[PDB]
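J.: A single structure is presented below for examination.
Heads up, the Cβs are rebuilt from the backbone with ideal geometry, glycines too, and the neighbour counts pull from every protein chain shown. Any read-out appearing in this document is the output of simple, stated calculations on the displayed coordinates, not a laboratory observation.
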Amino acid sequence: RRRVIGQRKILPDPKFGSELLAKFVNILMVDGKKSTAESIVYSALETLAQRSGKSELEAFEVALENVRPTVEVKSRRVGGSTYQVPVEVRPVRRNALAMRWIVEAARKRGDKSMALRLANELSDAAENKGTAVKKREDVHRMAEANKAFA
Amino acid sequence: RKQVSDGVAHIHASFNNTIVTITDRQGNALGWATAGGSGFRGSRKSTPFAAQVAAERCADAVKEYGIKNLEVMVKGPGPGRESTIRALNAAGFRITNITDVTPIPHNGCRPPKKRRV
Amino acid sequence: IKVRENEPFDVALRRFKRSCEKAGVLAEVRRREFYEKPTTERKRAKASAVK
RNA sequence: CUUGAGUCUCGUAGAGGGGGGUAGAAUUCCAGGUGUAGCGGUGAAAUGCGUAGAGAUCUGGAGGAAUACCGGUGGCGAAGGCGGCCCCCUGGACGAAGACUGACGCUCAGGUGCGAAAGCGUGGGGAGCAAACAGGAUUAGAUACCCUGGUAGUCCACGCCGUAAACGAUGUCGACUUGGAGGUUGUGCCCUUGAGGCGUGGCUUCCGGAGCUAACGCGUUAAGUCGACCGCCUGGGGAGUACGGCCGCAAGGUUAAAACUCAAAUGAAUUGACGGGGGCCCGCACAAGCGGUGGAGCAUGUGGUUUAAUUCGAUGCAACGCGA
Ligand SMILES: [Mg+2]
Ligand SMILES: [Mg+2]
Ligand SMILES: [Mg+2]
Ligand SMILES: [Mg+2]
Ligand SMILES: [Mg+2]
Ligand SMILES: [Mg+2]
Ligand SMILES: [Mg+2]
Ligand SMILES: [Mg+2]
Ligand SMILES: [Mg+2]
């Protein structure tokens, strides 16, 4: 509310030492099953790396590039008028949102096992195909079309 | 289609809508464009941006008229009143003389009551 | 108001505009007159100007 | 007799009054040029206006009403009220030195006259706004607020009507009673060497002491301290109603009760509570996320319905896996 936290630091990727890639596992991590979860993260991560040819963390951020939101609208109820005043998103938030979308969309990609879902849906983003890249652009459309408020 | 090399830019920045009409110094409408007639309606068409996106569309006509530079004729409040300019001024159109033709009666007509909520 | 600048640097100088006309003499007349509000409401400004 | 009142001379400022002109800014309308698909309006809209070419834009013209800026704590007036500029006719207020009349004064029931706006008559005028009215939207409804139009009227001349929170809610005339700050206009004086400074009249805001006041507040412009004269008040409702008189074209005004009925009505101030009042804050309250409920099967509680009985109690958040 009026407090002033700092940052809940996380274990830098339990296999790549990358804090960023780490939280990615937390998002997919459900029911405290940090083990069963991460087991699905790396599989599809290494699989896509092997398929794309380049390392995991590489195609990772690459495909993430097309899932990174630069700006987004925010609700402001000022006088019965709920204007969706748009405003660019900070760095940490940009990538954060991306990872969340990727997983969310992957979980319901409809494949057989999460491995394929995550991996496959992870590639679609790299070339702007899956909902991941869609949501980003769909959100950017909210703004601009609302930039009048901006 | 006649190459006038230059004219004037009129802006009717009303409280609900904005329109830009570029015409030769004579006063003969060369090309016009209005905010509302540019997609967005109501609340959205009455925003400052609206005027810009609309104004730029006006040049998309009076430009192929040889026009190089033009003046500015602004009248009335509302947004775009200022925005409209930048659009043209930045749209390559060499500016020159900005004038506010906004009408100002020395007390003559009685404005309507209205507005009471 | 009239405004002409030399050398293309793109500066509105909208000062001379709002430095008098524009709103006020406009926003004031935008809606029905006052008739009564001036000899009172308008003359209540000193009630704030005095201090 | 001259200090009250008034007369004269000389200046002083002024939206004071009646009449006649007159300028520019904008609005609407008409005509045409240019130009093309919108404009207008709202919280959204919609009615409405646009291809029979609107809107925008330019040119010419028609007309009515009102005078941005100056402009204010401003000025004038008995009150109402009175703003562009020009002239004509005209009233009052103020200072200055004095010259003059010589108490010629103050107040005033009745009476007389002036009276915002709306309204009424006759005849003009009519751009904008706008009761009525007509659509459109809002809503449960919405004979309203909002939108699109729009008649009376608003403007004018002469006559009528006399009311207003006609308010400073504070009658007029005169005299005394500490101060401070500022506006307005007149007048005397100062190396005026300056707008500068000092005084001294009329008017006018603001703060305020004494005192007055129920308090709020008023306070040398009093609601302080006194005097002359007048108007009005005597509980609230009924009621500024009826009746009658008078006035009026009328709308209506004015004068003005009774029955009946209640133990209050009322002023101010206080404390708290509340506000679709304001300012500043806090709570997983919101926002930020994750997972849930509401759909499904079953458990369970509750209302209901049934029953011979469905024992009793808890039933906004603070009842419903609650007393059990
Ligand atoms: Mg109306
Ligand atoms: Mg009248
Ligand atoms: Mg009449
Ligand atoms: Mg006076
Ligand atoms: Mg005082
Ligand atoms: Mg009270
Ligand atoms: Mg907490
Ligand atoms: Mg929430
Ligand atoms: Mg959910």
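J.: May I ask you to sort A:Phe60, C:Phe16, B:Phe40 by Cβ crowding, counting other Cβ atoms within 10 Å and putting the fewest first?
T.: C:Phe16, B:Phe40, A:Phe60
J.: Could you work out the relative contact order of chain B? I mean the mean sequence separation of Cα pairs under 8 Å and 6+ apart, divided by the number of residues, in percent.
T.: Value for chain B: 28 percent.
J.: Distance from the Cα centre of the stretch A:93-146 to that of the stretch B:59-116, in angstrom?
T.: 45 Å
J.: Using only Cα atoms, find the angle between the long axis of helix B:48-62 and the longest principal axis of chain B, and express it within 0 to 90 degrees, rounded to the nearest 10.
T.: Relative to chain B, helix B:48-62 is tipped by roughly 30 degrees.
J.: A further question follows. Would you mind checking A:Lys23/A:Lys129; A:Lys9/A:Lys33; B:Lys45/B:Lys75; B:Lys2/C:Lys2 for any pair whose Cα atoms are more than 26 angstrom apart?
T.: Beyond 26 Å: B:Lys2/C:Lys2.
J.: While we're looking at this one, here's another question. Just counting partner chain Cβ atoms within 10 Å, what average do the residues of peptide B:94-107 show around their Cβ?
T.: Mean number of neighbouring Cβ atoms from other chains: 5.
J.: Mind ranking A:126-135, B:23-32, A:6-15 by how tightly packed they are, going by the mean number of other C-beta atoms within 10 angstrom, highest first?
T.: Those peptides, ordered most packed to least, come out A:126-135, B:23-32, A:6-15.
J.: Counting other C-beta atoms within 10 Å, which of A:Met99, A:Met114 has the fewest, and how do the rest follow?
T.: A:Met114, A:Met99
J.: Averaging over every viewing direction, what projected area does the convex hull of the Cα atoms of chain B cover, in nm²?
T.: Hull-based average projected area comes out at 8.5 nm².
J.: Would you mind listing how long the stretch A:67-120 runs along its three principal axes, going by Cα atoms, in whole Å with the largest first?
T.: 49, 24, 11
J.: So what is the orientation-averaged projected area of chain C, using the convex hull of its C-alpha atoms, in nm²?
T.: Computed as one quarter of the Cα hull surface, the answer is 5.8 nm².
J.: Put one equal scatterer on each alpha carbon of chain A, apply the Debye formula with no solvent term, and list log10 I(q)/I(0) at q = 0.13, 0.16, 0.17, 0.19 1/Å to two decimals.
T.: Once normalised to I(0) and log-transformed, intensities are -0.65, -0.90, -0.98, -1.14.
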